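A.B. asks:
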Amino acid sequence: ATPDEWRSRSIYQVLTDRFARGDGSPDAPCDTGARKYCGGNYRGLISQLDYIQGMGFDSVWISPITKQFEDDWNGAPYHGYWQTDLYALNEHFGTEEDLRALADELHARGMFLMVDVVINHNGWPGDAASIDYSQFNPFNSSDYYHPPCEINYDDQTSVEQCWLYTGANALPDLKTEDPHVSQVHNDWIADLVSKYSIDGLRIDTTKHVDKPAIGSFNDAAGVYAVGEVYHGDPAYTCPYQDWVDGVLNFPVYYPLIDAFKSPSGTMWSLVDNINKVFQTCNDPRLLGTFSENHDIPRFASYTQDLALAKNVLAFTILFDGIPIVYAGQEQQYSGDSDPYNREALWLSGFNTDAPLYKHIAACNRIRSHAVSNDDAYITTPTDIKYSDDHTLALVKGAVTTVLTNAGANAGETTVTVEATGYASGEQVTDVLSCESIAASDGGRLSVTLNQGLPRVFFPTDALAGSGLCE
Ligand SMILES: *[C@@H]1O[C@H](CO)[C@@H](O)[C@H](O)[C@H]1NC(C)=O
Ligand SMILES: OC[C@H]1O[C@H](O)[C@H](O)[C@@H](O)[C@@H]1O
Ligand SMILES: [Ca+2]
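For the sequence shown, my numbering assigns the number 14 to the initial residue and increments by one for each residue that follows.
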């Protein structure tokens, strides 16, 4: 699927091993500290797609699928980022039949499959010096790899040419810029995308790969790719969108978490980074918006406050870009680091009564109803119509999203949002509370916030067929 087809999508990210098991158990243990395979698989994922669709997600980004190393003495490669063979599958997740059945079933539901891919490196269960290169496939010689060194983070060519790690487990760094390696990577992905009907990619460790290699890889794939560019500065991350269709929105992530992790936070750095991303990135609406992933602390590890989590999720889903929710976020999983942030989802019992499950469902539903209602909604830029220390109002076509970090104990506050684009007198509904008000002079909206809850407005007349608020 093209970048254009990906615009209205929203993504539920899973660690395959940690989402759902084929045998349907919601009680197989997953001691996150053990770093073993817990047993999640493709047939498990297929079995719980109603859970995923129930939240309004229409795409799934799964762990890398390639064969890993076998020796688990220093941890099992349950996360898929330690590959040895591009041409074979990790059979812990399933056979090619299982994976083909995943793609088929996603597609029967009108969903998209996004695959995580690593071209930066293979994995080895031992240090750099111990690596037997002949064991890798297809890059079965030291000739295809940069010499081992640790990265000097003040040097971009070191970021690209040194290794992510040289101790056990080592991450031998491929010569992605070598013509033969690039050729093989490109033929590989062109083939893999056809073979398994992949709709999009998520490219691991994109900043550690030279940009031209990224470009020809994305071209060869022939589908939308979002690059994981792990950097908070729009001046660094945004120029990557000249080479990949999208990047994950790390520049917005950092001030977002700073804003909403505590009522002590302020909106100003979020506003500033949003502006900067809009000034720097070719297309902010092809970026992946997230507030969690497997590398960073869970949101609920910063704060237990439900209203704060509702505000970050509202932003995550309703802001410009393609929303991404990390499996567990909706159950308020709280692991503060790797491996604790890879909790098994099945252990929550796939609880559709969780408040953040229902919250995500409503946010996704109004976003998708907005896409349905107006062809131009998805490509219309979000404007910041109001900001102060503790409040942000985002207007994207006819959707007005009003957020606050005042938290659950806030009491009551009133904010007046000027120039929303609603007509004076136009009745709008906050689809989260099903409470209804009207716009006033010049599109002015008088918004009262209570107990730190976000509000999401949509014109009341246009709400029919939504499933929202009767
Ligand atoms: C890698 O594979 C090729 C093709 O079989 C073979 O000729 C070559 O000897 C291998 N290289 C090493 C270092 O084993
Ligand atoms: O897992 C942590 C890693 O996330 C990524 O894949 C980043 O690109 C890399 O810089 C970082 O080490
Ligand atoms: Ca590299």
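Every residue, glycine too, gets a C-beta built ideally from N, C-alpha and C.
What residues sit near ligand 1, counting only those whose C-beta is closer than 7 Å to one of its heavy atoms, in chain order?
C.D. replies: Answer in sequence order: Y146, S147, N153, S154.
A.B. asks: Is the beta carbon of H221 within less than 6 Å of some heavy atom of ligand 3?
C.D. replies: Yes; taking the cut-off as 6 Å, the Cβ of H221 has a heavy atom of ligand 3 nearer than that.
A.B. asks: Do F32 and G53 have their C-beta atoms within less than 7 Å of each other?
C.D. replies: Contact: yes.
A.B. asks: Between which two residues does the alpha helix (DSSP H) harbouring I330 extend?
C.D. replies: Run containing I330: 319-331, per the alpha helix (DSSP H) assignment.
A.B. asks: For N133, is the beta carbon positioned less than 6 Å from some heavy atom of ligand 3?
C.D. replies: Correct: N133 has its Cβ closer than 6 Å to ligand 3.
A.B. asks: Which partner residues does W19 have in the DSSP bridge list?
C.D. replies: In the DSSP output, where bridge partners are listed per residue, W19 has none listed.
A.B. asks: Grouping DSSP H, G and I as helix and E and B as strand, with all else coil, what is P138?
C.D. replies: Three-state result, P138: coil.
A.B. asks: To which residues of the same chain is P151 closer than 7 Å at the C-beta, ignoring the five residues directly before and after it?
C.D. replies: Hits under 7 Å: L99, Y100, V197.
A.B. asks: Threshold first: 4 residues or longer. Then list the alpha helix (DSSP H) segments lying entirely within the region 143-214, N to C.
C.D. replies: DSSP runs (the alpha helix (DSSP H)) wholly in the region 143-214: 169-174, 192-209.
A.B. asks: Can you tell which of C43, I270, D223 has the C-alpha that lies nearest to the C-alpha of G245?
C.D. replies: Ranking the options by Cα distance to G245, first place goes to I270.
A.B. asks: Among the candidates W176, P185, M127, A114, whose CA atom is the shortest distance from the CA of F149?
C.D. replies: Of the candidates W176, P185, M127, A114, the one whose C-alpha sits nearest the C-alpha of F149 is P185.
A.B. asks: Got a sec? Which residues, its chain only, sit under 6 Å from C294 by beta carbon, not counting five neighbours each side?
C.D. replies: Counting only Cβ-Cβ distances below 6 Å, and skipping sequence neighbours, we find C251, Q254.
A.B. asks: Would a C-beta distance cut-off of 7 Å place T473 and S449 closer than the cut-off?
C.D. replies: Going by C-beta atoms, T473 is nearer than 7 Å to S449.
A.B. asks: For a quick check, are the C-beta atoms of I373 and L445 less than 7 Å apart?
C.D. replies: No, they are not a contact pair.
A.B. asks: Just verifying my parser: in three-state terms, what is the DSSP assignment at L112?
C.D. replies: Correct three-state label for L112: helix.
A.B. asks: Quick one: is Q317 buried, meaning 16 or more other Cβ sit within 10 Å of its Cβ, or exposed?
C.D. replies: Result: exposed.
A.B. asks: Excluding the 5 residues flanking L407 on each side, which residues of the same chain have their C-beta closer than 6 Å to its C-beta?
C.D. replies: Counting only Cβ-Cβ distances below 6 Å, and skipping sequence neighbours, we find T395, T414.
A.B. asks: Need the endpoints of the alpha helix (DSSP H) that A248 sits in, please.
C.D. replies: Residues 247-250.
A.B. asks: Whole angstroms are fine: how far does the CA of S347 sit from the CA of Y353?
C.D. replies: Distance between the alpha carbons of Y353 and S347 is about 8 Å.
A.B. asks: Buried or exposed for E439, going by 16 or more other Cβ atoms inside 10 Å?
C.D. replies: With 16 or more other Cβ atoms within 10 Å, it is buried.
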